[PDB]
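protein_20.cif follows; it contains mmCIF, N, CA and C atoms.
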data_my_file
#
loop_
_atom_site.label_atom_id
_atom_site.label_comp_id
_atom_site.auth_asym_id
_atom_site.auth_seq_id
_atom_site.Cartn_x
_atom_site.Cartn_y
_atom_site.Cartn_z
N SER A 1856 -110.03 84.45 63.66
CA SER A 1856 -109.03 84.65 64.74
C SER A 1856 -109.59 83.92 65.94
N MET A 1857 -109.00 84.12 67.13
CA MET A 1857 -109.51 83.48 68.37
C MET A 1857 -110.95 83.74 68.66
N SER A 1858 -111.76 82.65 68.73
CA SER A 1858 -113.22 82.74 68.99
C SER A 1858 -114.00 83.46 67.85
N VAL A 1859 -113.39 83.52 66.69
CA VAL A 1859 -114.03 84.17 65.51
C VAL A 1859 -113.83 83.28 64.32
N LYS A 1860 -114.87 82.51 64.00
CA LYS A 1860 -114.79 81.51 62.92
C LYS A 1860 -115.80 81.72 61.84
N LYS A 1861 -115.38 81.62 60.58
CA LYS A 1861 -116.31 81.42 59.46
C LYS A 1861 -117.19 80.21 59.73
N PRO A 1862 -118.40 80.19 59.15
CA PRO A 1862 -119.30 79.03 59.26
C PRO A 1862 -118.62 77.69 58.81
N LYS A 1863 -118.88 76.60 59.58
CA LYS A 1863 -118.15 75.30 59.42
C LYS A 1863 -118.63 74.59 58.13
N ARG A 1864 -117.83 74.65 57.06
CA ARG A 1864 -117.95 73.77 55.87
C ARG A 1864 -117.94 72.27 56.21
N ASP A 1865 -118.90 71.54 55.63
CA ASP A 1865 -119.01 70.11 55.94
C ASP A 1865 -117.89 69.39 55.17
N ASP A 1866 -116.92 68.89 55.91
CA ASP A 1866 -115.75 68.25 55.31
C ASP A 1866 -115.83 66.72 55.48
N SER A 1867 -116.94 66.20 56.00
CA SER A 1867 -117.02 64.77 56.40
C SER A 1867 -116.99 63.75 55.24
N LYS A 1868 -117.36 64.18 54.06
CA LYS A 1868 -117.34 63.42 52.80
C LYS A 1868 -116.08 63.61 51.91
N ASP A 1869 -115.20 64.49 52.32
CA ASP A 1869 -114.02 64.83 51.47
C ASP A 1869 -113.20 63.57 51.15
N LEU A 1870 -112.92 62.77 52.18
CA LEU A 1870 -112.16 61.55 52.05
C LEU A 1870 -112.71 60.61 51.01
N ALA A 1871 -114.00 60.34 51.08
CA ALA A 1871 -114.67 59.53 50.12
C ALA A 1871 -114.66 60.12 48.76
N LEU A 1872 -114.90 61.41 48.67
CA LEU A 1872 -114.94 62.07 47.39
C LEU A 1872 -113.50 62.15 46.67
N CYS A 1873 -112.46 62.41 47.47
CA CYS A 1873 -111.07 62.35 46.90
C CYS A 1873 -110.74 60.93 46.36
N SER A 1874 -111.21 59.92 47.11
CA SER A 1874 -111.08 58.50 46.66
C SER A 1874 -111.77 58.23 45.34
N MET A 1875 -112.98 58.77 45.16
CA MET A 1875 -113.67 58.64 43.94
C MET A 1875 -112.98 59.32 42.81
N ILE A 1876 -112.57 60.56 42.99
CA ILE A 1876 -111.78 61.24 41.98
C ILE A 1876 -110.53 60.42 41.56
N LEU A 1877 -109.82 59.92 42.54
CA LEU A 1877 -108.60 59.22 42.34
C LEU A 1877 -108.89 57.92 41.57
N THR A 1878 -110.01 57.24 41.89
CA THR A 1878 -110.45 56.06 41.09
C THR A 1878 -110.65 56.43 39.64
N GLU A 1879 -111.26 57.56 39.39
CA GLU A 1879 -111.54 58.02 38.07
C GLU A 1879 -110.23 58.34 37.33
N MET A 1880 -109.25 58.89 38.05
CA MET A 1880 -107.92 59.15 37.42
C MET A 1880 -107.21 57.83 37.15
N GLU A 1881 -107.20 56.93 38.12
CA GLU A 1881 -106.66 55.58 37.97
C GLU A 1881 -107.17 54.81 36.76
N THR A 1882 -108.42 54.99 36.40
CA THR A 1882 -109.04 54.19 35.38
C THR A 1882 -109.07 54.90 34.04
N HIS A 1883 -108.57 56.12 33.95
CA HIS A 1883 -108.52 56.82 32.68
C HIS A 1883 -107.47 56.12 31.79
N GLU A 1884 -107.74 56.08 30.50
CA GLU A 1884 -106.85 55.38 29.61
C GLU A 1884 -105.47 56.04 29.49
N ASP A 1885 -105.32 57.32 29.80
CA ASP A 1885 -104.06 58.02 29.72
C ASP A 1885 -103.32 58.06 31.12
N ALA A 1886 -103.78 57.30 32.06
CA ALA A 1886 -103.18 57.20 33.39
C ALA A 1886 -101.85 56.41 33.44
N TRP A 1887 -101.61 55.57 32.44
CA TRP A 1887 -100.47 54.64 32.47
C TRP A 1887 -99.11 55.20 32.83
N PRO A 1888 -98.78 56.44 32.44
CA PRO A 1888 -97.47 56.93 32.89
C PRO A 1888 -97.37 57.20 34.39
N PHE A 1889 -98.53 57.23 35.06
CA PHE A 1889 -98.67 57.84 36.40
C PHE A 1889 -99.09 56.82 37.45
N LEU A 1890 -99.36 55.58 37.07
CA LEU A 1890 -99.97 54.61 37.99
C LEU A 1890 -99.01 54.15 39.09
N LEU A 1891 -97.73 54.08 38.76
CA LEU A 1891 -96.71 53.55 39.65
C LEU A 1891 -95.56 54.51 39.73
N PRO A 1892 -94.77 54.45 40.82
CA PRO A 1892 -93.60 55.29 40.89
C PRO A 1892 -92.62 55.06 39.73
N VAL A 1893 -92.03 56.15 39.24
CA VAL A 1893 -90.97 56.06 38.21
C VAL A 1893 -89.86 55.24 38.80
N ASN A 1894 -89.33 54.29 38.00
CA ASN A 1894 -88.25 53.39 38.49
C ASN A 1894 -86.93 54.18 38.43
N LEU A 1895 -86.48 54.58 39.59
CA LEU A 1895 -85.34 55.47 39.71
C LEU A 1895 -84.04 54.79 39.40
N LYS A 1896 -84.00 53.46 39.40
CA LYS A 1896 -82.83 52.72 38.89
C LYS A 1896 -82.82 52.71 37.37
N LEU A 1897 -83.98 52.68 36.73
CA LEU A 1897 -84.01 52.46 35.30
C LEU A 1897 -84.25 53.66 34.45
N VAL A 1898 -84.50 54.83 35.03
CA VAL A 1898 -84.77 56.01 34.24
C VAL A 1898 -83.73 57.05 34.59
N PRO A 1899 -82.69 57.16 33.72
CA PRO A 1899 -81.63 58.14 33.92
C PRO A 1899 -82.13 59.56 34.10
N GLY A 1900 -81.56 60.25 35.05
CA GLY A 1900 -81.89 61.68 35.26
C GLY A 1900 -83.01 61.90 36.27
N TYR A 1901 -83.88 60.91 36.40
CA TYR A 1901 -85.17 61.17 37.19
C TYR A 1901 -84.93 61.45 38.63
N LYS A 1902 -84.06 60.62 39.24
CA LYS A 1902 -83.76 60.79 40.67
C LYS A 1902 -83.20 62.17 41.01
N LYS A 1903 -82.22 62.59 40.22
CA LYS A 1903 -81.58 63.90 40.44
C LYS A 1903 -82.43 65.10 40.11
N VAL A 1904 -83.19 64.97 39.04
CA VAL A 1904 -83.94 66.09 38.55
C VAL A 1904 -85.24 66.30 39.31
N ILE A 1905 -85.92 65.23 39.65
CA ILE A 1905 -87.31 65.35 40.21
C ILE A 1905 -87.20 65.18 41.69
N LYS A 1906 -87.30 66.27 42.39
CA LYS A 1906 -86.95 66.30 43.78
C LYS A 1906 -88.05 65.63 44.63
N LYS A 1907 -89.29 65.66 44.13
CA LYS A 1907 -90.38 65.01 44.85
C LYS A 1907 -91.23 64.15 43.93
N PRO A 1908 -90.84 62.92 43.70
CA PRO A 1908 -91.58 62.02 42.85
C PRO A 1908 -92.95 61.77 43.44
N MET A 1909 -93.95 61.67 42.55
CA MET A 1909 -95.32 61.35 43.03
C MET A 1909 -96.01 60.57 41.92
N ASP A 1910 -96.91 59.71 42.31
CA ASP A 1910 -97.63 58.83 41.41
C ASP A 1910 -98.98 58.46 42.04
N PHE A 1911 -99.91 57.93 41.23
CA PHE A 1911 -101.29 57.63 41.72
C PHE A 1911 -101.27 56.60 42.82
N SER A 1912 -100.43 55.56 42.72
CA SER A 1912 -100.41 54.49 43.71
C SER A 1912 -99.93 55.01 45.09
N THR A 1913 -98.95 55.91 45.10
CA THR A 1913 -98.44 56.57 46.25
C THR A 1913 -99.51 57.50 46.88
N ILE A 1914 -100.26 58.19 46.05
CA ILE A 1914 -101.36 59.04 46.55
C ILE A 1914 -102.41 58.12 47.16
N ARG A 1915 -102.75 57.03 46.48
CA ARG A 1915 -103.76 56.11 47.01
C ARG A 1915 -103.35 55.58 48.38
N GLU A 1916 -102.10 55.20 48.54
CA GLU A 1916 -101.61 54.70 49.84
C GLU A 1916 -101.66 55.79 50.95
N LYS A 1917 -101.22 57.00 50.60
CA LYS A 1917 -101.31 58.12 51.53
C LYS A 1917 -102.78 58.40 51.93
N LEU A 1918 -103.66 58.39 50.96
CA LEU A 1918 -105.07 58.65 51.20
C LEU A 1918 -105.68 57.60 52.15
N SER A 1919 -105.47 56.33 51.84
CA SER A 1919 -105.95 55.21 52.58
C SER A 1919 -105.40 55.09 54.01
N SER A 1920 -104.34 55.78 54.34
CA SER A 1920 -103.64 55.65 55.61
C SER A 1920 -103.66 56.96 56.37
N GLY A 1921 -104.59 57.86 55.99
CA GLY A 1921 -104.74 59.14 56.71
C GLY A 1921 -103.58 60.03 56.73
N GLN A 1922 -102.85 60.06 55.61
CA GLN A 1922 -101.71 60.95 55.55
C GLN A 1922 -101.99 62.30 54.85
N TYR A 1923 -103.22 62.48 54.36
CA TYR A 1923 -103.67 63.80 53.91
C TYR A 1923 -104.47 64.50 55.03
N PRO A 1924 -103.94 65.61 55.53
CA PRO A 1924 -104.71 66.33 56.53
C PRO A 1924 -105.92 67.01 55.99
N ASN A 1925 -105.97 67.36 54.69
CA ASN A 1925 -107.15 68.03 54.18
C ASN A 1925 -107.17 67.89 52.67
N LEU A 1926 -108.26 68.29 52.03
CA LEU A 1926 -108.37 68.07 50.58
C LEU A 1926 -107.31 68.91 49.77
N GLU A 1927 -106.83 70.04 50.29
CA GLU A 1927 -105.79 70.78 49.60
C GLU A 1927 -104.43 70.05 49.49
N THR A 1928 -104.07 69.31 50.53
CA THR A 1928 -102.82 68.59 50.50
C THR A 1928 -102.98 67.44 49.49
N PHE A 1929 -104.20 66.90 49.34
CA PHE A 1929 -104.46 65.86 48.31
C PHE A 1929 -104.27 66.42 46.90
N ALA A 1930 -104.84 67.59 46.64
CA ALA A 1930 -104.74 68.26 45.30
C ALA A 1930 -103.30 68.63 44.99
N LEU A 1931 -102.54 69.01 46.01
CA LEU A 1931 -101.13 69.35 45.81
C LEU A 1931 -100.32 68.13 45.28
N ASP A 1932 -100.52 66.97 45.87
CA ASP A 1932 -99.88 65.71 45.36
C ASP A 1932 -100.34 65.34 43.95
N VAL A 1933 -101.66 65.45 43.66
CA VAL A 1933 -102.12 65.16 42.31
C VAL A 1933 -101.37 66.12 41.35
N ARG A 1934 -101.40 67.42 41.65
CA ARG A 1934 -100.80 68.39 40.74
C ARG A 1934 -99.29 68.15 40.57
N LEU A 1935 -98.61 67.71 41.63
CA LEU A 1935 -97.23 67.34 41.62
C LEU A 1935 -96.92 66.26 40.61
N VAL A 1936 -97.85 65.31 40.44
CA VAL A 1936 -97.67 64.26 39.47
C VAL A 1936 -97.55 64.95 38.07
N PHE A 1937 -98.41 65.93 37.84
CA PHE A 1937 -98.41 66.57 36.51
C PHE A 1937 -97.32 67.59 36.27
N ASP A 1938 -96.97 68.31 37.31
CA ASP A 1938 -95.82 69.16 37.32
C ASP A 1938 -94.54 68.41 37.11
N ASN A 1939 -94.34 67.29 37.80
CA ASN A 1939 -93.18 66.42 37.51
C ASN A 1939 -93.15 65.99 36.04
N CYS A 1940 -94.30 65.60 35.54
CA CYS A 1940 -94.40 65.10 34.18
C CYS A 1940 -93.95 66.21 33.19
N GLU A 1941 -94.41 67.43 33.42
CA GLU A 1941 -94.04 68.54 32.56
C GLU A 1941 -92.55 68.86 32.66
N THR A 1942 -91.99 68.70 33.83
CA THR A 1942 -90.57 68.94 34.03
C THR A 1942 -89.69 67.98 33.23
N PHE A 1943 -90.10 66.72 33.14
CA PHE A 1943 -89.30 65.70 32.53
C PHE A 1943 -89.60 65.32 31.08
N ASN A 1944 -90.76 65.73 30.55
CA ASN A 1944 -91.25 65.20 29.28
C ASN A 1944 -91.59 66.38 28.38
N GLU A 1945 -91.16 66.24 27.14
CA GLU A 1945 -91.56 67.22 26.14
C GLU A 1945 -93.10 67.19 26.02
N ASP A 1946 -93.67 68.38 25.86
CA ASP A 1946 -95.12 68.52 25.49
C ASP A 1946 -95.54 67.64 24.31
N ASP A 1947 -94.69 67.57 23.29
CA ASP A 1947 -94.97 66.79 22.11
C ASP A 1947 -94.38 65.37 22.25
N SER A 1948 -94.88 64.62 23.23
CA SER A 1948 -94.55 63.20 23.43
C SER A 1948 -95.83 62.54 23.93
N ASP A 1949 -95.92 61.22 23.89
CA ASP A 1949 -97.10 60.58 24.39
C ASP A 1949 -97.31 60.90 25.87
N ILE A 1950 -96.23 60.84 26.64
CA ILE A 1950 -96.33 61.02 28.09
C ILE A 1950 -96.63 62.47 28.38
N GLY A 1951 -96.01 63.39 27.63
CA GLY A 1951 -96.22 64.84 27.82
C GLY A 1951 -97.74 65.14 27.59
N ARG A 1952 -98.31 64.56 26.56
CA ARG A 1952 -99.71 64.77 26.20
C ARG A 1952 -100.63 64.12 27.27
N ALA A 1953 -100.23 62.93 27.69
CA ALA A 1953 -100.93 62.24 28.76
C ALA A 1953 -101.05 63.15 29.96
N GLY A 1954 -99.95 63.78 30.35
CA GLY A 1954 -99.96 64.66 31.55
C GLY A 1954 -100.85 65.83 31.44
N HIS A 1955 -100.83 66.49 30.27
CA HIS A 1955 -101.76 67.59 30.08
C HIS A 1955 -103.18 67.15 30.11
N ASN A 1956 -103.51 66.01 29.50
CA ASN A 1956 -104.86 65.52 29.48
C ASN A 1956 -105.37 65.17 30.87
N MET A 1957 -104.52 64.47 31.63
CA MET A 1957 -104.89 64.04 32.98
C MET A 1957 -105.10 65.27 33.90
N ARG A 1958 -104.27 66.25 33.76
CA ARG A 1958 -104.36 67.48 34.58
C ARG A 1958 -105.72 68.17 34.35
N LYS A 1959 -106.06 68.31 33.07
CA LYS A 1959 -107.37 68.83 32.69
C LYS A 1959 -108.50 68.06 33.26
N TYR A 1960 -108.45 66.72 33.14
CA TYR A 1960 -109.43 65.87 33.63
C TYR A 1960 -109.60 66.02 35.12
N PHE A 1961 -108.47 66.09 35.84
CA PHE A 1961 -108.48 66.23 37.27
C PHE A 1961 -109.12 67.59 37.71
N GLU A 1962 -108.70 68.66 37.08
CA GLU A 1962 -109.08 70.00 37.46
C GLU A 1962 -110.60 70.20 37.28
N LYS A 1963 -111.18 69.58 36.26
CA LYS A 1963 -112.63 69.62 36.08
C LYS A 1963 -113.34 68.88 37.19
N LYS A 1964 -112.96 67.63 37.46
CA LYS A 1964 -113.54 66.87 38.54
C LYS A 1964 -113.41 67.60 39.87
N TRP A 1965 -112.28 68.24 40.08
CA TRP A 1965 -112.01 68.92 41.34
C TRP A 1965 -113.03 70.11 41.53
N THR A 1966 -113.15 70.93 40.51
CA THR A 1966 -114.05 72.05 40.48
C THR A 1966 -115.50 71.58 40.59
N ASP A 1967 -115.88 70.53 39.86
CA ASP A 1967 -117.24 70.06 39.91
C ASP A 1967 -117.60 69.41 41.21
N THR A 1968 -116.62 68.80 41.89
CA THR A 1968 -116.90 68.14 43.13
C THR A 1968 -116.93 69.12 44.31
N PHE A 1969 -116.09 70.14 44.31
CA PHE A 1969 -115.83 70.93 45.50
C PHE A 1969 -116.13 72.47 45.36
N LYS A 1970 -115.99 73.07 44.17
CA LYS A 1970 -116.21 74.54 43.95
C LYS A 1970 -117.60 74.87 43.36
#
For this file, write the structure as structure tokens.
Amino acid sequence: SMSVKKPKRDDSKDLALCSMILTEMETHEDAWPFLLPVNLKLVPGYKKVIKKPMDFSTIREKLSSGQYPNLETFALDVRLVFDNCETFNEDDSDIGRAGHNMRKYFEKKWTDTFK
């Protein structure tokens, strides 16, 4: 509350560390469905159904331009990529499997880097 603060967690490396995680997601072999924004002209249903499209390239641009106020808003966008994927893709599809794999991969890196 006012004039009553928990001890200050060192957040000075978060930016660099989120960039590293994101590089690791970018270079994973199952990243291909997620690297670029879904083409809303060419994929029927996507525009209407997915209210907040997100992709790795869009996260990278936001990250690089100081549009994440903190590491939680970064994790929310990453998770959004996978939540969108689950919304639109059957579990038993290449893309559906890709999303589950990437989510797992991300969640481990996140925990190992920050928790």
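You will find atom CA of residue 1959 of chain A at 10.9 Å from atom N of residue 1934 of chain A.
Atom N of residue 1920 of chain A is found 18.7 Å from atom C of residue 1892 of chain A.
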Considering only helix (DSSP H, G or I) as DSSP defines it on the backbone, what residues of chain A qualify? List them as an MDAnalysis selection string. chainID A and resid 1869:1881 1901:1904 1911:1919 1926:1943 1949:1969
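Using only C-alpha atoms, the smallest distance between any of A:1914, A:1904, A:1880, A:1909 and residue 1944 of chain A comes from A:1904.
Picture a line from atom CA of residue 1938 of chain A to atom CA of residue 1883 of chain A; it runs 18.3 Å.
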